[PDB]
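**Q** I am attaching a structure below and will ask some questions about it afterwards.
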Amino acid sequence: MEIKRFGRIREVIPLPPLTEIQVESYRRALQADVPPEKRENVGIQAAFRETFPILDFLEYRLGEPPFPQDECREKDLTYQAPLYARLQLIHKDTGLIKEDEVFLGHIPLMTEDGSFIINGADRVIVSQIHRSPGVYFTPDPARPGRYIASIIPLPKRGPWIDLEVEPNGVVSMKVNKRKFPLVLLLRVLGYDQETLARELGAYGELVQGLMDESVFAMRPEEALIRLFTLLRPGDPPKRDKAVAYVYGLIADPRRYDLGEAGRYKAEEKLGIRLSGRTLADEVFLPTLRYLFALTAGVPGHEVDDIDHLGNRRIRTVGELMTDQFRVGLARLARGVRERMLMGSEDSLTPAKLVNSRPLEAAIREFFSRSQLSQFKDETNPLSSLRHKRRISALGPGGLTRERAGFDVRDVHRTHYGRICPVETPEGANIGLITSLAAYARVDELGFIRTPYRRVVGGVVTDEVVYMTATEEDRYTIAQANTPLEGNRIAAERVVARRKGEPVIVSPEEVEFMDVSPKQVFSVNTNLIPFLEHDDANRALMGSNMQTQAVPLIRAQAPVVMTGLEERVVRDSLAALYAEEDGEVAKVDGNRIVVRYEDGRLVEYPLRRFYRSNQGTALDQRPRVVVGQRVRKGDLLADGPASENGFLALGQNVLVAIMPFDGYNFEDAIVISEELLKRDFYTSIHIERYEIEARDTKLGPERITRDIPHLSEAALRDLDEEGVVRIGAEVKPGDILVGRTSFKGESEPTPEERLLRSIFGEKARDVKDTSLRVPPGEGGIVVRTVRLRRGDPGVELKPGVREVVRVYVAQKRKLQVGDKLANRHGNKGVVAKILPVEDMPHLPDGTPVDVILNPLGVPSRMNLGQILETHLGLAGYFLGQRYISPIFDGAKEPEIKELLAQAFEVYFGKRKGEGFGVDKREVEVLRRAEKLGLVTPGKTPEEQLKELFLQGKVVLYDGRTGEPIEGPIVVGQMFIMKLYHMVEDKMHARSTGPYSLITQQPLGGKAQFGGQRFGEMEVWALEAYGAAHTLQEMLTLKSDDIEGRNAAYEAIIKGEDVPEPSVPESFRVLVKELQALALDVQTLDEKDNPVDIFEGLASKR
Amino acid sequence: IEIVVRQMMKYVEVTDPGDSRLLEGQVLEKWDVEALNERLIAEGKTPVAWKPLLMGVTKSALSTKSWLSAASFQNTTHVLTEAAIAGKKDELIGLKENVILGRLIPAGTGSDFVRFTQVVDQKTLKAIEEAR
Amino acid sequence: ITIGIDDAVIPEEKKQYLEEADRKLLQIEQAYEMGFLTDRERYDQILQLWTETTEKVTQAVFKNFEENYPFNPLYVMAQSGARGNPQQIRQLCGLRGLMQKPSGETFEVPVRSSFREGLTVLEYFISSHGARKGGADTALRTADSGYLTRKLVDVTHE
Amino acid sequence: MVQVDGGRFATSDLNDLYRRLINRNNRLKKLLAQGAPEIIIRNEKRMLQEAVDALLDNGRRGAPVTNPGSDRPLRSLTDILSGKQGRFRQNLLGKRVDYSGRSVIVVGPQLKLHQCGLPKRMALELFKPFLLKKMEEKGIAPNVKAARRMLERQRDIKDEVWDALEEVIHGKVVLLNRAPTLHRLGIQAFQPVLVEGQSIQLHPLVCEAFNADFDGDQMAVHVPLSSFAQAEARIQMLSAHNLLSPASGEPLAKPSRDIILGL
Amino acid sequence: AXXXXXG
Amino acid sequence: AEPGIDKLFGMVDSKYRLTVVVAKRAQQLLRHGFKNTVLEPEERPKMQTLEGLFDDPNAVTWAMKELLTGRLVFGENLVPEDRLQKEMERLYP
Amino acid sequence: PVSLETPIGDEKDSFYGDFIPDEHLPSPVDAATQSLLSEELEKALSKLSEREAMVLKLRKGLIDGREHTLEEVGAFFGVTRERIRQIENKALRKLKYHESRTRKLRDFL
Amino acid sequence: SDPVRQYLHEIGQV
Amino acid sequence: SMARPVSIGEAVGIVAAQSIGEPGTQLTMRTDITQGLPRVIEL
Amino acid sequence: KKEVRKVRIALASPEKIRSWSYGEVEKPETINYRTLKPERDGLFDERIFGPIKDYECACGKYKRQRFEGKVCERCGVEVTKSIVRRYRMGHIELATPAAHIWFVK
Ligand SMILES: [Mg+2]
Ligand SMILES: [Zn+2]
């Protein structure tokens, strides 16, 4: 097939590496491929440089991972490299100098896609956004009059500085709780009124505010000592130590670290040069004079915007990892503190001093339990991409709910080209979780930059500059869609933006121009064709649902593409590509072996039917046969959810947009049975079950094919060990693994003991704990993994003898209740599956696949789906696909043209085969010209062409054989099946486990937890005035014991449900109050105490 | 909205304690105050002088005769200390109390109006005379 | 009843209505250059202008449907009360209208484009602000629903 | 005090408070008998007071007491009664129900106003205890334990059983609920019509009251047990017995969407 | 992430 | 829905009265196994089985259908409870 | 020991001990099957001679909760220790016949 | 408050 | 809910609270005089 | 038999406090690590709060429901349902009286 591309806008540059944000970060963090002597000071090197000397640091190296990635996933081991550190011990006055290479533990390694393996699960470290270090001006919310200065260093490094003016006229300063005049600290910096006269006096009436008689007239050391009266009470000044705490507060690089990016912020805002990241002096003077300057209404002086992306820094994986590493290292040095004294002073090795436990615990904590470390989204490749490109405002060192108001969440004018306006969660995380823009890049300073073309006068160049949010404000930037003839602007009025405002300018005024619209949106957002016709609200939903797309066996790439589809699969590395020009020797399901021009023989194993975190099957299907010529960049094997290297998130189907008998009512969807026949929307899902055999004090838990009370009927599918056989079809209740455990301290109930003898000694030491298939679940057994204690290479948690795992697969066909969605945000569940004869059909007899309700269009205002439908129809009959860029896409004239071109295939061959127009088509056309869709007097041949140009055809109702009055829109729409599936979502409970303490219904392995009945439901029942029903909800169905047992018993016997005993919710209350020494009595009408405990509580 | 606003006007503040056990400036439900004045003027004792009071829903909830209800809402340790020292006996007037206990709510089919209703077939209709 | 892209019918009037809006803008612009108007006055006049024109365009769309296409699907769904309100119908056929700035003030320049015509990338970005605000608004409203109902049950339950 | 997987024990924080209280009381009695100086006796009396406090209300006075290895305050009786997801606060979130269930909803257009489509597989579990007795009444099972063992496997489900379930649910109704329940009509009673498939079929007209749409909303189902509860549900709560808004007095169940459109 | 189920 | 619901509503001064009455009558019909019914054989509520028409298993349907005939007598304090119980157990064991 | 009332998940909505099931108390199913078990046991057990029934009651520990040796039951009734064994076996055989006949107790297992 | 300090002071008296 | 005098035993306080509260979710959170839900709670 | 129409909350005299408790917990011991059983006079002691197993005493002398309310002469454990361990109150006798912090703070 041929793919017709649209749009007049040419992209000067390609899209950057998509996982770049995750990979480069950890690259510059670890510096493993950079030799120790040439290592720049950053990341691990930085933490090492800061924590040492305490014992001094020389270098470090990263060894090779003890196990490969796949084995790490399999055995539940963290994929990591050993961290060795070469250090030396300094003997003072002993003259001795020795050294050691110490093993500090392992550092988790990042894969090629940018994920991690932590204890076997794939984890992603989500990039966190916060305020960049530097100097800002709030201003003061309390007094609207003036502004507050703020000096902010790195999060765990240094204190918080605030400068404010009170009615006393004196300039205050904030450290911790206490505020004191900074005029005292000024003297300590070596400053006198003489230098504070000229330089700082220029601003009107801003000088004498910091002039105070007593303290300013004091010598530097006098003021220095005086500061300690303010800093801490009861501490003797100790003026030699007075240098220690002051240095540590400000002048010390080790304790106080202002960000390197924050250093840059300081240099840029104040317009100075810092010799280091240390405040002290150099910073205080310009910070002050700048404060008074902004106070004085002086040119080029701005109040900082906190949500401006110039002031918003993004700390990536390397940053966070380096932080926790620094913490663990500081705790290690904290161990060295107490370990560098106790015992022998004269003799010890650096190895004897160093305990690497704090470091290992810190890093393992950061990967296992951190809020930014989470289960990878493996549902498809695209989801795995997005999860890496996600930005969180939450987590340690950032906002939380209630700490986040409308202000933090709103899309800033500087989010353009930087953060996607469209893609965010709908819930309580809205605006806090955002995804990086497509073209967007992140420098070491941690700022998001956007590409811009540079223009000279009325001429546009190919030079592309990457500017940050602050730098963007400086210029006047015209849009990318502005008419361009060759390299020069062709319009008199050129639409542009200054400071994030829509300013209309002239060509010569223009400075920079946008590259492509694609820069201003996310990747997910970019996959939506005709986006410009979609309201941002539904578009959001499209962007979000695309990652919820489950890979289909038959999955197709969309008939209408934005053009990113290919590169998405490329950069997600789900698929195999040709590394070098060559020819392929061997091809089959499990491998592809190729030979290149260099005579290199290489065997690429294919991952087949592999269970992801979310249970979707990740399956690679080879697209190339034996003895084929491959070129570098050519696709060898399709990954999950990709068709010929293009992203395949669903199927393209024939949609008719009409109401159908209320089955498409309220966003419900109607589908044709045909879809199931050809296995459209059929996905492979792999459930993973596990069972453990542990040693109880009662005895060992045995995993065995021998289960008491079980016939051979139930056991037939189990092997010798008791495990089920590979390939067996298991329904709910069938045993996956047999197990036996000792019952009730080897105490049988006497009533049981005799009936066991009646039947010939069925009495036994063990009971059946075997793992069965939970209700509603099951499928065909695929893999099994058994691990035991006392066997090579295998060790598990304390107490457990062995562990079995059964990986079951099931191929789910589309069914009623499953969630389908297009990329335009139209979503719904299949409420009906119609037999093909019931479907609406074209005059050539072809039935439609899906019937979409038109009422879904007007209120949601996503028209991109209608155009996708039209263009899809054209491409259905023309046997072609399209690429329609965002905002650059196919225009209604072009679409109508392609429709006219397809109308020849559709209606043209009708005459060639000896057929005219139906009498029914005549009727429809009459009604159509009555409605005004077709010009009266023209031939039906032409009238139908007019209708078809509007994207509407004549449909026949398959049930009545009569036509649907008036024409109906039909066409190819790309629709996805979503991870939400009715099979996983159904639950039911009669009875089951109850909580130990609370005695409320609890979730079992084979049993459902029951629905929680909340206060609002209580209100509903009260309002209804149904007392008894509510009572049941509060008693028998809940925590009450006597009554639930008696009720079940009654229903079983056929007797009506008995009156409720008191619920445990009340009893436990009463007793809690009694434990609080408060008598709670339940009185009679006569005020005579009544026993709610049904006896048993009464002494004697 | 009328029912809610009426619940805001539920409470009054006594200026003159009268012949009852009440003190000056003590907030009390107008229903109970008019009840005490209905009991005391059925005596001939001097009436209690109360000032009408408006408080928002939060406070009009927080201050209530029922300690079971007041317990859930806020600062329950205080509600409970106060309830205990005074030995407050909570008749279960409202719904919240009854659901806390699990007893049938005083509404709908749990209302004493229709609850005690009895049904008898016409065969046992004439079995009342033979039994008497 | 169905929805094709041609069922969103832009009234011809939209052109005229918009053209007049441009000339009437120049008058407001020149009056600023001479010093007759202050910043706030020209701002208020521009917003007033675009509001008037927007309402006019809505009226134009619906009068159009009423006279020349009584059975049009959008118009029918709207009038019947089946689906859609005049504001949405407007955003499909007539102009989108004035988007709100992130600070809460109105943007000076509106969105001339309808949803059929398709938005400019800039216009889209501008609308995204109001989009976000509405999003967090609905998010909060659903975040606690029954807050008020709880407060009210606490007083009225007995 | 309960043992979990492995050899580890899980137990309440209360026990530690009780313990330290006891230790201090006993050491006090001992120090009294030994005739110790009033200094030590005072100290122990004080520590005893503090211990009784921390037991009753932890952290309210002085520093909160914590077990070594963690900075979390031990949860005391006051905390238990209220304020950290407390008794009175836990009774806001609600208690789970025994006969409940949940699934995804799809449109029910063929349903009459008083009916709702209920998945067979789901209904079976919901009505199971009634179903056993109906299996006894019929010739499908000798006894309760028998029928119960008969339903334990899906492959062992007879085609006679569904005919019995149809008898169980005859005349009965179930409650459907969609969260959030904003007003009372957010819970309504329908008589179930057994259907193949895993989805609950919902009447279109009741969608407005429920604020339910078909984009993947799920609804909970509940079973009234008592003949009383059943009665209440069938007169007071029946979907077709509330046609008008209890708020505005105007009809809540009314033509909408496609219906209006066609008419 | 919540609302009417985008995420 | 259910036949004659409005009339059942008309028979009482409160809906919840009707609910209590129907419920209690259902309990009566269940405990005594439907032999105490005021309904004649042709008035008996029927259910459609595979075999044929059988007695409707539902006690509430029965109670309502009886109440609609007006043959039942309801109200507060008609008789003492225990006497009613013993009389009913004597008439229908 | 691990503390109950420990936060479970990333939220404070749950405590650890909330998820711990109660294996000690009988399920509504269990207690019912158990009561029916006793009912059906003493239904067919007491329908024979009370002597040979009491033999099984004493020896299997149905009463007093302890299994009595043949000597003790033989001391209670007065017969020989072998006689109590023979009547126990004929009682058990009688119960086997009654079981194969009525199929009542076949299902508890 | 801080009974350790209290008691340690009482001890400091002796 | 029916058109006729309310039946005695009605839950009517609860019905009131729901009746007011349910649409409350449709009242605007963001705006001299308070508007929407903030005004409703102000009253 | 007679339903509860009221709920009263008053203070508790030590007289009233002890009228509750089935014994004094005299020891700061929970259970024994080896036997996994309540220590004598400890927080979990069966002698006070009742039987861990239903209708069975600690030592195991009386295992049948036939003895109910019968307290063992050996282990001193009443023979009843274990449900009473959810209910039965214990207590602690204080050397010096202590103020209830609810009323003080
Ligand atoms: Mg929904
Ligand atoms: Zn004993």
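Residue numbering restarts at 1 in every chain; chains get A, B, ... in the order shown in the structure tokens, and ligands count up from 1 in that same order.
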Go through the chains and note each residue within 7 Å of ligand 1, using only C-alpha atoms and all ligand atoms, then give the set as JSON, numbers by chain.
**A** {"D": [212, 213, 214, 215, 216, 217], "E": [4, 5]}
**Q** Any chance you could export the current selection's N, CA and C atoms as a PDB file, in the first residue's frame?
**A**
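selection27.pdb written:
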ATOM      1  N   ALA D 212     -25.080   7.817  35.870  1.00  0.00           N
ATOM      2  CA  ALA D 212     -24.325   6.719  35.283  1.00  0.00           C
ATOM      3  C   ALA D 212     -24.235   6.852  33.774  1.00  0.00           C
ATOM      4  N   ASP D 213     -23.019   6.725  33.254  1.00  0.00           N
ATOM      5  CA  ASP D 213     -22.830   6.574  31.822  1.00  0.00           C
ATOM      6  C   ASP D 213     -22.121   5.263  31.526  1.00  0.00           C
ATOM      7  N   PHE D 214     -21.947   4.996  30.240  1.00  0.00           N
ATOM      8  CA  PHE D 214     -21.381   3.745  29.743  1.00  0.00           C
ATOM      9  C   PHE D 214     -19.902   3.714  29.330  1.00  0.00           C
ATOM     10  N   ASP D 215     -19.146   4.738  29.706  1.00  0.00           N
ATOM     11  CA  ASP D 215     -17.718   4.818  29.379  1.00  0.00           C
ATOM     12  C   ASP D 215     -16.838   3.935  30.280  1.00  0.00           C
ATOM     13  N   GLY D 216     -17.474   3.003  30.994  1.00  0.00           N
ATOM     14  CA  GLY D 216     -16.772   2.116  31.904  1.00  0.00           C
ATOM     15  C   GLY D 216     -17.065   2.264  33.383  1.00  0.00           C
ATOM     16  N   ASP D 217     -18.122   3.001  33.705  1.00  0.00           N
ATOM     17  CA  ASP D 217     -18.652   3.028  35.062  1.00  0.00           C
ATOM     18  C   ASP D 217     -18.938   1.610  35.534  1.00  0.00           C
TER      19      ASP D 217
ATOM     20  N   UNK E   4     -13.518  10.929  34.688  1.00  0.00           N
ATOM     21  CA  UNK E   4     -14.439   9.937  34.067  1.00  0.00           C
ATOM     22  C   UNK E   4     -13.694   8.716  33.479  1.00  0.00           C
ATOM     23  N   UNK E   5     -12.335   8.475  33.963  1.00  0.00           N
ATOM     24  CA  UNK E   5     -11.539   7.339  33.465  1.00  0.00           C
ATOM     25  C   UNK E   5     -11.040   7.646  32.082  1.00  0.00           C
TER      26      UNK E   5
END
**Q** May I ask you to write as a list in words all residues lying at most 10 Å from ligand 2, with only C-alpha atoms and all ligand atoms counted?
**A** residues 47, 51, 56, 57, 58, 59, 60, 61, 62, 63, 70, 71, 72, 73, 74, 75, 76, 77, 78 and 79 of chain J
**Q** So how many Å separate CA of residue 75 in chain B and CA of residue 77 in chain D, to one decimal?
**A** 14.3 Å
**Q** Would you kindly return, as a ChimeraX atom specification, each protein, DNA or RNA residue with an atom no farther than 8 Å from any atom of residue 559 in chain A, considering only C-alpha atoms and excluding same-chain residues fewer than 2 positions away?
**A** /A:557,561,652,872,875,880-882,972-974
**Q** Determine, counting only C-alpha atoms, which protein, DNA and RNA residues have an atom within 10 Å of an atom of residue 52 in chain J; residues of the same chain fewer than 5 positions away are not included. Present the result as a VMD selection string.
**A** (chain G and resid 24) or (chain J and resid 37 to 38 44 to 46 57 to 58 77 79 to 85)
**Q** Would you put the residues from that selection into a file with C-alpha atoms, as an mmCIF file, in the first residue's frame?
**A**
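Wrote it out as result_34.cif, contents follow:
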data_model
loop_
_atom_site.group_PDB
_atom_site.id
_atom_site.type_symbol
_atom_site.label_atom_id
_atom_site.label_comp_id
_atom_site.auth_asym_id
_atom_site.auth_seq_id
_atom_site.Cartn_x
_atom_site.Cartn_y
_atom_site.Cartn_z
ATOM 1 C CA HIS G 24 -10.068 -19.196 64.777
ATOM 2 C CA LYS J 37 1.198 -19.475 75.167
ATOM 3 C CA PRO J 38 0.129 -16.749 77.629
ATOM 4 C CA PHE J 44 -2.843 -12.638 77.527
ATOM 5 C CA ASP J 45 -3.285 -14.968 80.525
ATOM 6 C CA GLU J 46 -6.196 -17.358 79.975
ATOM 7 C CA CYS J 57 -9.385 -25.346 79.487
ATOM 8 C CA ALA J 58 -5.663 -24.546 79.370
ATOM 9 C CA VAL J 77 -9.439 -21.499 83.289
ATOM 10 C CA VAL J 79 -14.641 -23.568 80.145
ATOM 11 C CA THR J 80 -16.668 -21.527 77.641
ATOM 12 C CA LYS J 81 -16.480 -19.974 74.171
ATOM 13 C CA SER J 82 -13.221 -18.251 73.200
ATOM 14 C CA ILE J 83 -15.269 -15.291 71.991
ATOM 15 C CA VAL J 84 -15.062 -14.010 75.567
ATOM 16 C CA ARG J 85 -11.448 -12.992 74.975
#
**Q** Pull the alpha helix (DSSP H) assignments for chain I out of DSSP run on the backbone, and list those residues as a list in words.
**A**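 Filtering chain I down to alpha helix (DSSP H) leaves residues 12, 13, 14, 15, 16, 17, 18, 19, 20, 21, 22, 23, 24, 37, 38, 39, 40, 41 and 42 of chain I.
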**Q** Create the file for the chosen residues now, containing N, CA and C atoms and written as a PDB file, in the first residue's frame.
**A**
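Printed below is selection-v4.pdb as written:
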ATOM      1  N   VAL I  12     -37.020  12.780  56.261  1.00  0.00           N
ATOM      2  CA  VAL I  12     -36.999  14.059  55.573  1.00  0.00           C
ATOM      3  C   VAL I  12     -35.813  15.012  55.824  1.00  0.00           C
ATOM      4  N   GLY I  13     -35.176  14.935  56.988  1.00  0.00           N
ATOM      5  CA  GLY I  13     -33.977  15.724  57.225  1.00  0.00           C
ATOM      6  C   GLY I  13     -32.841  15.313  56.300  1.00  0.00           C
ATOM      7  N   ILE I  14     -32.650  13.999  56.187  1.00  0.00           N
ATOM      8  CA  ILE I  14     -31.662  13.409  55.281  1.00  0.00           C
ATOM      9  C   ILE I  14     -31.965  13.771  53.830  1.00  0.00           C
ATOM     10  N   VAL I  15     -33.215  13.560  53.425  1.00  0.00           N
ATOM     11  CA  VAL I  15     -33.684  13.945  52.098  1.00  0.00           C
ATOM     12  C   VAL I  15     -33.387  15.413  51.802  1.00  0.00           C
ATOM     13  N   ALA I  16     -33.563  16.266  52.802  1.00  0.00           N
ATOM     14  CA  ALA I  16     -33.226  17.671  52.655  1.00  0.00           C
ATOM     15  C   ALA I  16     -31.740  17.826  52.361  1.00  0.00           C
ATOM     16  N   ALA I  17     -30.919  17.201  53.198  1.00  0.00           N
ATOM     17  CA  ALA I  17     -29.471  17.341  53.079  1.00  0.00           C
ATOM     18  C   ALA I  17     -28.954  16.871  51.720  1.00  0.00           C
ATOM     19  N   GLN I  18     -29.490  15.753  51.238  1.00  0.00           N
ATOM     20  CA  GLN I  18     -29.122  15.234  49.927  1.00  0.00           C
ATOM     21  C   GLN I  18     -29.606  16.166  48.831  1.00  0.00           C
ATOM     22  N   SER I  19     -30.863  16.592  48.935  1.00  0.00           N
ATOM     23  CA  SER I  19     -31.476  17.490  47.956  1.00  0.00           C
ATOM     24  C   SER I  19     -30.650  18.749  47.741  1.00  0.00           C
ATOM     25  N   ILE I  20     -30.117  19.294  48.825  1.00  0.00           N
ATOM     26  CA  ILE I  20     -29.284  20.478  48.713  1.00  0.00           C
ATOM     27  C   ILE I  20     -27.879  20.115  48.230  1.00  0.00           C
ATOM     28  N   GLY I  21     -27.344  19.015  48.753  1.00  0.00           N
ATOM     29  CA  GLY I  21     -25.951  18.668  48.539  1.00  0.00           C
ATOM     30  C   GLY I  21     -25.604  18.156  47.154  1.00  0.00           C
ATOM     31  N   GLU I  22     -26.507  17.372  46.573  1.00  0.00           N
ATOM     32  CA  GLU I  22     -26.294  16.757  45.265  1.00  0.00           C
ATOM     33  C   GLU I  22     -25.948  17.751  44.150  1.00  0.00           C
ATOM     34  N   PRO I  23     -26.753  18.820  43.984  1.00  0.00           N
ATOM     35  CA  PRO I  23     -26.378  19.787  42.951  1.00  0.00           C
ATOM     36  C   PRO I  23     -25.152  20.584  43.360  1.00  0.00           C
ATOM     37  N   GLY I  24     -24.842  20.594  44.654  1.00  0.00           N
ATOM     38  CA  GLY I  24     -23.720  21.354  45.177  1.00  0.00           C
ATOM     39  C   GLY I  24     -22.429  21.049  44.444  1.00  0.00           C
ATOM     40  N   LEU I  37     -20.518  27.673  45.510  1.00  0.00           N
ATOM     41  CA  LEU I  37     -20.369  26.920  46.752  1.00  0.00           C
ATOM     42  C   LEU I  37     -19.782  27.708  47.937  1.00  0.00           C
ATOM     43  N   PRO I  38     -18.759  28.559  47.701  1.00  0.00           N
ATOM     44  CA  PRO I  38     -18.272  29.376  48.821  1.00  0.00           C
ATOM     45  C   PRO I  38     -19.357  30.267  49.423  1.00  0.00           C
ATOM     46  N   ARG I  39     -20.225  30.810  48.576  1.00  0.00           N
ATOM     47  CA  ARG I  39     -21.364  31.583  49.044  1.00  0.00           C
ATOM     48  C   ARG I  39     -22.341  30.686  49.792  1.00  0.00           C
ATOM     49  N   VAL I  40     -22.557  29.478  49.279  1.00  0.00           N
ATOM     50  CA  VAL I  40     -23.486  28.551  49.924  1.00  0.00           C
ATOM     51  C   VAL I  40     -23.035  28.172  51.337  1.00  0.00           C
ATOM     52  N   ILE I  41     -21.741  27.933  51.515  1.00  0.00           N
ATOM     53  CA  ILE I  41     -21.234  27.623  52.849  1.00  0.00           C
ATOM     54  C   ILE I  41     -21.155  28.885  53.709  1.00  0.00           C
ATOM     55  N   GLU I  42     -20.965  30.037  53.068  1.00  0.00           N
ATOM     56  CA  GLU I  42     -20.965  31.313  53.780  1.00  0.00           C
ATOM     57  C   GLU I  42     -22.330  31.547  54.410  1.00  0.00           C
TER      58      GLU I  42
END
**Q** Do a neighbour search on range 251-261 of chain D at 8 Å with only C-alpha atoms, toss out local chain neighbours closer than 5 positions, and write the hits as a PyMOL selection string.
**A** (chain A and resi 659+662+665-666+855) or (chain C and resi 76-77+80-83) or (chain D and resi 205-206+208-209+242-245)
**Q** Find the spatial neighbours of range 472-476 of chain A, counting only C-alpha atoms, within a cut-off of 7 Å - ignore same-chain residues fewer than 6 positions away - and output them as JSON, numbers by chain.
**A** {"A": [496, 497, 498, 499, 510, 511, 512]}
**Q** Find the residues around range 40-44 of chain C up to 8 Å (only C-alpha atoms counted), leave out those fewer than 5 positions away in its own chain, and share them as a compact mmCIF listing (two decimals) with N, CA, C and O atoms, in the first residue's frame.
**A**
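This went into part.txt:
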# COMPACT_ATOMS: atom_id res chain seq x y z
N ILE C 28 -10.74 51.60 17.73
CA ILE C 28 -10.35 51.49 19.13
C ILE C 28 -8.84 51.61 19.27
O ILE C 28 -8.33 52.10 20.28
N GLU C 29 -8.12 51.17 18.24
CA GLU C 29 -6.67 51.24 18.29
C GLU C 29 -6.18 52.67 18.10
O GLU C 29 -5.37 53.16 18.88
N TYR C 32 -6.52 55.00 20.84
CA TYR C 32 -5.51 54.79 21.87
C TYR C 32 -4.23 55.55 21.54
O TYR C 32 -3.59 56.11 22.43
N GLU C 108 -6.62 39.31 25.26
CA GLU C 108 -7.01 40.45 24.44
C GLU C 108 -7.52 40.00 23.07
O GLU C 108 -8.56 40.47 22.60
**Q** In Å, with one decimal, what is the gap from CA of residue 42 in chain F to CA of residue 236 in chain D?
**A**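 Interatomic distance, CA of residue 42 in chain F to CA of residue 236 in chain D: 29.0 Å.
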**Q** Determine, for each residue of chain F having at least one atom at most 6 Å from an atom of chain B, the closest pair of atoms and their separation in Å to one decimal, counting only C-alpha atoms; order by chain and ascending number, as JSON lines.
**A**
{"residue": "F:16", "atom": "CA", "partner": "B:109", "partner_atom": "CA", "distance": 4.9}
{"residue": "F:17", "atom": "CA", "partner": "B:114", "partner_atom": "CA", "distance": 4.9}
{"residue": "F:72", "atom": "CA", "partner": "B:121", "partner_atom": "CA", "distance": 5.0}
{"residue": "F:73", "atom": "CA", "partner": "B:120", "partner_atom": "CA", "distance": 5.5}
{"residue": "F:74", "atom": "CA", "partner": "B:119", "partner_atom": "CA", "distance": 4.6}
{"residue": "F:75", "atom": "CA", "partner": "B:117", "partner_atom": "CA", "distance": 5.2}
{"residue": "F:76", "atom": "CA", "partner": "B:117", "partner_atom": "CA", "distance": 4.5}
**Q** Counting only C-alpha atoms, which residues from chain D have an atom at most 7 Å from any atom of chain B, and could you show them as a list in words?
**A**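 So the contacting residues turn out to be residues 82, 88 and 89 of chain D.
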**Q** Next, dump the selected residues to file, keeping only N, CA, C and O atoms, as a JSON list (two decimals), in the first residue's frame.
**A**
[["chain", "number", "residue", "atom", "x", "y", "z"],
["D", 82, "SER", "N", -10.69, 7.92, 68.50],
["D", 82, "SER", "CA", -10.85, 8.85, 67.39],
["D", 82, "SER", "C", -9.56, 9.52, 66.93],
["D", 82, "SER", "O", -8.61, 9.67, 67.71],
["D", 88, "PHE", "N", -15.05, 6.31, 65.49],
["D", 88, "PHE", "CA", -16.07, 7.19, 64.94],
["D", 88, "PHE", "C", -15.73, 7.65, 63.52],
["D", 88, "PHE", "O", -16.63, 7.95, 62.73],
["D", 89, "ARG", "N", -14.44, 7.72, 63.20],
["D", 89, "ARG", "CA", -13.98, 8.05, 61.85],
["D", 89, "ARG", "C", -13.96, 6.85, 60.89],
["D", 89, "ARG", "O", -14.19, 7.00, 59.69]]
